[PDB]
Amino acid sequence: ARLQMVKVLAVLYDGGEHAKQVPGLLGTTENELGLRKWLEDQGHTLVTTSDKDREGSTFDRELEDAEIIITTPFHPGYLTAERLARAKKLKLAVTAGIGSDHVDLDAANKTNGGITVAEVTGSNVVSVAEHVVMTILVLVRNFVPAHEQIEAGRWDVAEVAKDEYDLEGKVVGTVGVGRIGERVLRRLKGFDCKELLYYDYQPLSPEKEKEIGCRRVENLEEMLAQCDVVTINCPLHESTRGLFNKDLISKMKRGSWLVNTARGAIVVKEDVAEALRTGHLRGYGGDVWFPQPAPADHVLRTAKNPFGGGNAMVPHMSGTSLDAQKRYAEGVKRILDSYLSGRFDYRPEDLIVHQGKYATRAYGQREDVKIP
């Protein structure tokens, strides 16, 4: 028996005129992931908002009787313990994308009998892996200040060649070798890095290690000390919040490059900025911030190395490329259909928490994980 007259609340980013001009912007308040007719034809209701941060936000009002809440990491409705305690009807929290750390998952497990938190696993992992390799190259090859010199009408090859290196012969390490981290290594293979390294408590198979040509390092600090480039590709959970602080960054090589497309809160922003300021890091880049939207005065918008380069920051966009949005929009529909049909026939890999327990190994090494 299908569930009936279900209230769905979606918190998405505002596409303004862009989302009218470019209909491929599915993940916007304008286009609503292409869900509205599909839901309404079944007798369900959909409320969509981008208003999610202020006291008495539309989000705060609507979450009190939503049965399904759709969020998206690029404009995250933070499902705090306080909000979940007020979400009296909530059964399913769907992430339109990947990374459900904007939900208090421990509170979700104690809410309304244990809510299901699902995301579209695999939907945008290629998009992010491409973004990582791009960002690595932009930082290593000193692109940003070089492009700024050209647009300013200047010409000084030595000024920007003095901090320009090749990625060939450099050691690159990934923190996390899941769907993104493995795909990063697969794209780096053709660049003839000296070594490709990873750190993860969930290792690659020996066959994948040989196919890609990479090596597992058992200790994070020992990996950092060997790398020229470090890329962060793990989820945000209690043990990764503030992991990259001044003490851990100090284990990276002087003049190294750090890339973070995972989550902003995995780094300590003031520690990254200080490392750049003194030249301990040559560069930092990526697309993720805490909180989002990034405050207008966030220090990593403008932090530079001592040469006035080393910043390859963008807004949170890598996982919301036009190609990615088509995939996560289709995946949200599939998850919604699992719930609304009354089958509850979720793909196991889509579940983060379910029936009062963690349903993943990827949010830290836990006891009391129930894989369905």
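Quick note: we count residues from 1 along the sequence shown, nothing fancier.
Of the two stretches examined, 221 to 229 and 105 to 113, the record assigns the greater average C-alpha temperature factor to 105 to 113.
202 to 210 and 135 to 143 differ in mean CA B-factor, and the higher of the two is recorded for 202 to 210.
The PDB entry gives the largest Cα B-factor of the residues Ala161, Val299, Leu276, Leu92 to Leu92. When the modelled residues of the chain are ordered by C-alpha B-factor, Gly34 sits in the highest third. Ranked by C-alpha B-factor against the other modelled residues of its chain, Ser50 falls in the highest third. Sorting the modelled residues of the chain by their CA temperature factor places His280 in the lowest third. Among the modelled residues of the chain, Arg334 sits in the highest third by CA temperature factor in this PDB entry. Per the deposited record, the Cα B-factor of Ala81 falls in the highest third when ranked against the other modelled residues of its chain.
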